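A quick write-up on the structure given underneath.
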Amino acid sequence: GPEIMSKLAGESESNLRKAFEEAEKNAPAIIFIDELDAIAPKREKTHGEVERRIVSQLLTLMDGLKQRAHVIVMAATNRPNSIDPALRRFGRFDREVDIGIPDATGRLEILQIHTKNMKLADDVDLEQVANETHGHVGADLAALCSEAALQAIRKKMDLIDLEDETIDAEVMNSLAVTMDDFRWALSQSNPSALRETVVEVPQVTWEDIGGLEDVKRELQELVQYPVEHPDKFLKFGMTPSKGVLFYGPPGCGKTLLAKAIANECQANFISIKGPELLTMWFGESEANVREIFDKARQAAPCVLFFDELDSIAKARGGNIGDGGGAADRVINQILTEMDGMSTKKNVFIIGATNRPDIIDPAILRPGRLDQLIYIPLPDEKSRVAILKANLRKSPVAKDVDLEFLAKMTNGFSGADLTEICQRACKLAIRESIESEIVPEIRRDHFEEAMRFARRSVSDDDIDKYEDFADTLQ
Amino acid sequence: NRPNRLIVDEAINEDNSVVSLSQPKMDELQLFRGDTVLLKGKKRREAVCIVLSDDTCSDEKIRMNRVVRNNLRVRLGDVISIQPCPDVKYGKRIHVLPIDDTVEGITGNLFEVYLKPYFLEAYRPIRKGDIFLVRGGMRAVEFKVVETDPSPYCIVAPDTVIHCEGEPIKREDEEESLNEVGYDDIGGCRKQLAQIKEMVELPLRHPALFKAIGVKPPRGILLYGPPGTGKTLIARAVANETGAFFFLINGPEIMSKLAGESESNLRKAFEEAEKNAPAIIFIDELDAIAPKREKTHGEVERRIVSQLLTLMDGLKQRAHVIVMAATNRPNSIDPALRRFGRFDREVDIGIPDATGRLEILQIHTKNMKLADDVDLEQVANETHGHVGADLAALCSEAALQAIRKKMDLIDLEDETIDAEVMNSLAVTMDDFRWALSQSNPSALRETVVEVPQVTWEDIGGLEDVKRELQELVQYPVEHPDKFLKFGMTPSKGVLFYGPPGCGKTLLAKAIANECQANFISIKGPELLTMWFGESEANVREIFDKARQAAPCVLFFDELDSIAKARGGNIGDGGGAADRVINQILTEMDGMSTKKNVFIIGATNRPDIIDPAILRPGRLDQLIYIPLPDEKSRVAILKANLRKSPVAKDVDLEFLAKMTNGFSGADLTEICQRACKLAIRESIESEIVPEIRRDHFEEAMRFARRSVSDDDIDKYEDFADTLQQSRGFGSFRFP
């Protein structure tokens, strides 16, 4: 990109002329433009005649492809809206590929590529590192491994110091990198990688949520069927539901369910948090809603999840607030992109809320969020799987009974149970530190943590949701 | 592998004739507490110094300043061989002469000013061919030893004939000037230099290392910070300490060239840098070259920007060149230069903190003769928003003020001023007060990221929270593996709540002082400023500056200030969420779980705080802070009167057991009015003064309590609602 924009006015078009012409002779070939955004940002940064002339020069060269000459032009940029829309015309750049950050599985594949030459120890679990790298791109993993290697290096030959133009191989071949060396690299300021909206496949199954077999098949009828049996839908003639709204008390696994169902379908997941919606609301930027759907469509099959949908309505008072309407600019735009979206695609929308009594009924109308599903507090069997899930990454003993707490906790939620486990860990870790100046989280930790256990969901809150569910039928 | 071969590291004792080692290493070499050693180094040079045990030193490293280091012709990261030299006797005739580039202006008796007070019962051992630096006459003058009678090395005796020809000798090529900028010339960048040096240590000292390994060395280092600390001096010092080539690219310098000569300079700068690897090309004002965004009017400007971009990709890696650059703000540079492949690494170097400001003041007073009554730390305190440049000029006006008191009333018309006058010249502490009373110390006030100098001793009692606090900041950073074992994640923040004047701010600072981390004070007005101007986009900017200062304690003092402006009490019909608070929650959840920054939020109105902030994963732990008890108000009164002339019959505990519903704020107000009455007595009687007991007894005739009984009982009800228990049971099977 900048290579061409560095050349003076005149040699710019010359380089483009020579590029396509000489590459066309070597057909088949692939012409790759690097920083295309630096070439055609034809909007407000198009200050001058030369730039527009350069863009048009490229535009003409794009059209100049005689087809019989077999060359294909590829390009790259930071984001779709960086390039001049005139290049988006179907006849030039017709095919588009979204290459976002890698997921857990993605980064693991990359780590194997960057560690294929270095001697990884037995304790080193590269897959573990991939899971706790929340927002890292391919390049960041390179600098991650590099800075971690230096940690393992500045402890060996550094004391010996072999001032030579060539280091001996025998000394280096014996060298190995430990798990702690990878830890130190993460500890530095280099993992500060760009964080965007992460679109990945949920690594959580139904086994993390106990029981509730009715809602499993319920969700499957809504997403599994129109993708695994599309021929069957054409046989009966019906059109698949476009979305579902989750309502109930907070911390009952509404988010986890939405992920779990996406895991069953092996589809992509997008988590649009409450604050993200309000950011558009306060900033008067409901336009970004459109961008989400397009980003979700380019990851089909995908589940678009709006956690805490009521968050906007909550800002407008909720109970009373203003005298005015039930709809706002942000929620309205979601409705627009929902109806506009093709029914026979594969993108599904799930809306979670802890206040269904203030959600605009316009969203619950047929052809949008048709189904209304109530998610209550986890039952007797449910609490069993929840506790096991929350203690999957903890040195729990075998004398510790989990079903016992499931018979202990009744009016408790998934969030409350997690809070209990974490409170036990504070006492568990405090013990290990105090001992030094041996430690595995045991029974008495939980039984001492239960004294600081609360039931966040009040009985009156339960009754309101039962009341609301009564009106529905 | 011979334990006599040690690595040269930075020194702690800035004296010339002294080397520092670790005591256990001294136990291996059978050395004593003050033996004349012999240091051999590269290019066959010897230097004789004295050994002193430095407990903060490692076993493999040896401490020595730049003066000795350059005599050995070695850089930081080299190995030198040390052997004891006890055959050193007292000297007779010592031939010594100064260098011409350090006496270029002054004359007279250099011995009386520099030499004599430098060997006044010092017994310093000097070898023939050594260069020692003596700071006096408000400058730096170097001397090279010509010939000593007990050649080559000897100890200077009080009965030693000091020959001085009086001829300023020249400096040789290999003799690097000590007058240049090194790591002993920059301060207020302790955390910064560490990050910087460890990024440029290996790739500049051992090019063969990175070419024989798969590790990718950095190509670009960006330096933020406001114009003052000396980003220019940092990169320059690195090149003169590591020995790398130094070619600076001044912004306006290149942009002042013709329509075409601008490219010529950059093309040549990188060329003459690539040819002289290892090299450091330091683009001074980067924003003056590539501010591509809205101020990109014209093709000529972008023709320069896109040129530098290719000159970065043009770095062939095989050649060793690191491009450093300075800027006033990270968002003044074209995002194409923000690409993690050109200027991938970035270091935020904000304003100097309280500790850092004094560190700088020490550098700008090493040449001048300060009086005994002068305390430089005092000046470092009353400068809340100063940078390195302003601290540098602060001494300039203060020093010249002392100059406008001595020979200024005598006046000697000479083209050169005598050194005897400059040696008897001193600067009073009052002269610095004049420098502060002037309009000159006023510097640019930005976000102060400091390491709190306030300890727990200022906050008496309340040990229940100290233990709870350390579990949230001390534990997860000093015991990382412990969190890994049990697989739990640290709470990202904590909300304080209770009556004002109970040291919420004082706690969040003290807890940072314990961890020895950084601290950011985002006060109320700094939160409303974004709300009125609708600039809630600056919230992300804070977390970023907080992130690039890890470990850091992000502190939102008076978080309810925004809820207060919306009404809080009555307020409009709107919800609990505002734009600024919302954006704080965005960056909070959008922060990596295993980062470092801890988010403490302080409020005195917990009933109007958005419950979304107190959700699990944000501000989970609720810490109530009551008024100081009887055993708390004791040490607190000690704190507010720590810097005040205490008397004998002033029973402080008598006030503690007397006071009850008084907050820390109410205690200080009593002390303030106590001192005013004391000064009142002094000034009027002078037309001897020490504050007495009846000044306090008279202060309790108009003293009032801030917090009311209704307020206290109200906060208790807020706590009784939160922490409690259902508790359990009440279970059913169906």
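Here's how to read the names in the structure tokens: chain A, B, ... by the order shown, residue numbers from 1 in each chain, ligand numbers from 1 in the order shown.
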
Exercise. As a VMD selection string, which residues of segment 545-707 of chain B does DSSP assign to helix (DSSP H, G or I)?
Worked result: chain B and resid 545 to 547 561 to 565 579 to 589 606 to 608 633 to 640 652 to 658 664 to 685 694 to 697

Exercise. Which residues of chain B are close to chain A, meaning at most 8 Å apart when you count only C-alpha atoms, and how do they look as a ChimeraX atom specification?
Worked result: /B:60,206,208-209,212,214-216,293-294,296-299,302-307,309-310,340,345,471,479,482-483,485-488,548,572-579,582-583,585-586,590,592,595,723-733

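For the pair atom CA of residue 260 of chain A and atom CA of residue 212 of chain A, the interatomic distance is 12.4 Å.
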
Each residue of segment 161-250 of chain B lying at most 8 Å from segment 326-333 of chain B should get a row with its shortest atom-to-atom pair and the distance in Å to one decimal, counting only C-alpha atoms; could you produce that, ordered by chain and increasing number, as a Markdown table?
| residue | atom | partner | partner_atom | distance |
| --- | --- | --- | --- | --- |
| B:222 | CA | B:326 | CA | 6.1 |
| B:223 | CA | B:326 | CA | 4.8 |
| B:224 | CA | B:327 | CA | 5.2 |
| B:225 | CA | B:328 | CA | 5.5 |
| B:226 | CA | B:328 | CA | 4.9 |
| B:227 | CA | B:328 | CA | 6.2 |
| B:231 | CA | B:326 | CA | 6.1 |
| B:232 | CA | B:326 | CA | 7.3 |

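Here atom CA of residue 91 of chain B and atom CA of residue 154 of chain B stand 5.4 Å from one another.
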
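Taking atom CA of residue 250 of chain A as the reference point, atom CA of residue 353 of chain A is found at 8.1 Å.
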
For this session: May I have the residues within 12 Å of residue 153 of chain B as number ranges by chain, using only C-alpha atoms and disregarding those fewer than 6 positions away in the same chain?
Result: B: 36-39, 46-49, 85-94, 124-130, 145-147

Restricted to N, CA and C atoms, what would the selected residues look like written as a short mmCIF file (atom, residue, chain, number, x, y, z; two decimals), in the first residue's frame?
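Printed below is again_13.cif as written:
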data_model
loop_
_atom_site.label_atom_id
_atom_site.label_comp_id
_atom_site.auth_asym_id
_atom_site.auth_seq_id
_atom_site.Cartn_x
_atom_site.Cartn_y
_atom_site.Cartn_z
N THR B 36 41.88 -2.05 48.51
CA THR B 36 42.21 -1.48 47.21
C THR B 36 42.31 -2.57 46.16
N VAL B 37 41.34 -2.63 45.26
CA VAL B 37 41.29 -3.67 44.25
C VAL B 37 41.95 -3.22 42.95
N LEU B 38 42.03 -4.13 41.99
CA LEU B 38 42.58 -3.82 40.67
C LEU B 38 41.65 -4.35 39.58
N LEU B 39 41.12 -3.43 38.78
CA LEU B 39 40.14 -3.79 37.75
C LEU B 39 40.75 -3.78 36.35
N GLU B 46 43.64 -0.55 33.24
CA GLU B 46 43.46 -0.85 34.66
C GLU B 46 42.88 0.34 35.41
N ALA B 47 42.14 0.05 36.48
CA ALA B 47 41.55 1.08 37.32
C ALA B 47 41.47 0.61 38.77
N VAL B 48 41.99 1.43 39.68
CA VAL B 48 42.03 1.06 41.09
C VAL B 48 40.94 1.78 41.89
N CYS B 49 40.12 1.00 42.59
CA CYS B 49 39.04 1.56 43.39
C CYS B 49 38.95 0.89 44.76
N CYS B 85 44.62 -5.67 45.02
CA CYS B 85 45.91 -5.02 44.84
C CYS B 85 46.34 -4.30 46.12
N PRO B 86 46.86 -5.06 47.09
CA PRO B 86 47.26 -4.50 48.39
C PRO B 86 48.69 -3.95 48.40
N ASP B 87 49.35 -3.93 47.25
CA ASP B 87 50.71 -3.42 47.17
C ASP B 87 50.73 -1.92 46.86
N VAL B 88 49.63 -1.25 47.17
CA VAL B 88 49.51 0.18 46.91
C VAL B 88 49.93 1.02 48.11
N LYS B 89 51.00 1.80 47.93
CA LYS B 89 51.49 2.67 48.98
C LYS B 89 51.13 4.12 48.68
N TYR B 90 51.45 5.02 49.61
CA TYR B 90 51.14 6.43 49.45
C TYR B 90 52.01 7.09 48.38
N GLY B 91 51.43 8.05 47.66
CA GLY B 91 52.12 8.69 46.56
C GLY B 91 52.91 9.92 46.94
N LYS B 92 53.86 10.29 46.09
CA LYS B 92 54.69 11.46 46.32
C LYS B 92 54.38 12.56 45.31
N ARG B 93 54.73 12.32 44.05
CA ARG B 93 54.55 13.31 43.00
C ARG B 93 53.51 12.83 41.99
N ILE B 94 52.42 13.58 41.86
CA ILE B 94 51.35 13.21 40.94
C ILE B 94 51.10 14.30 39.89
N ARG B 124 42.14 8.54 48.05
CA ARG B 124 41.69 7.89 46.82
C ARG B 124 42.86 7.37 45.99
N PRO B 125 42.81 6.09 45.61
CA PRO B 125 43.83 5.47 44.76
C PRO B 125 43.60 5.76 43.27
N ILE B 126 44.60 6.36 42.62
CA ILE B 126 44.49 6.68 41.20
C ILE B 126 45.67 6.14 40.40
N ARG B 127 45.38 5.56 39.24
CA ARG B 127 46.42 5.02 38.37
C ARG B 127 46.70 5.98 37.22
N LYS B 128 47.92 5.94 36.71
CA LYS B 128 48.32 6.73 35.55
C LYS B 128 47.45 6.41 34.34
N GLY B 129 46.88 7.44 33.74
CA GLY B 129 46.06 7.28 32.55
C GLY B 129 44.57 7.24 32.84
N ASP B 130 44.19 7.53 34.08
CA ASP B 130 42.79 7.53 34.47
C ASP B 130 42.15 8.91 34.32
N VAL B 145 45.11 11.83 34.61
CA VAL B 145 46.37 11.67 35.32
C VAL B 145 47.53 11.44 34.35
N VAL B 146 48.53 12.32 34.40
CA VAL B 146 49.69 12.20 33.53
C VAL B 146 50.68 11.17 34.05
N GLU B 147 51.25 11.43 35.22
CA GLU B 147 52.24 10.53 35.80
C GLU B 147 52.25 10.60 37.33
#

Exercise. Can you list every residue in segment 267-355 of chain A that DSSP puts in strand (DSSP E), as a ChimeraX atom specification?
Worked result: /A:268-272,302-306,347-353

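Within the 12 Å cut-off around residue 565 of chain B, using only C-alpha atoms and omitting residues fewer than 5 positions from it on the same chain, the listed residues are residues 524, 525, 527, 528, 529, 531, 532, 559, 560, 570, 571, 572, 578 and 608 of chain B.
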
For this session: Compile the contact shell of residue 301 of chain A as a PyMOL selection string: residues with an atom at most 10 Å away, counting only C-alpha atoms, same-chain residues fewer than 2 positions apart removed.
Result: chain A and resi 223+227+262+265-269+296-299+303+345-348

Exercise. Within 10 Å of segment 74-89 of chain A, counting only C-alpha atoms, which residues qualify if same-chain residues fewer than 3 places away don't, as a PyMOL selection string?
Worked result: chain A and resi 1+30-43+55-56+58-59+62+71+92-100

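Proximity of A:420, A:171, A:397, A:177 to residue 152 of chain A, computed with only C-alpha atoms, is greatest for A:177.
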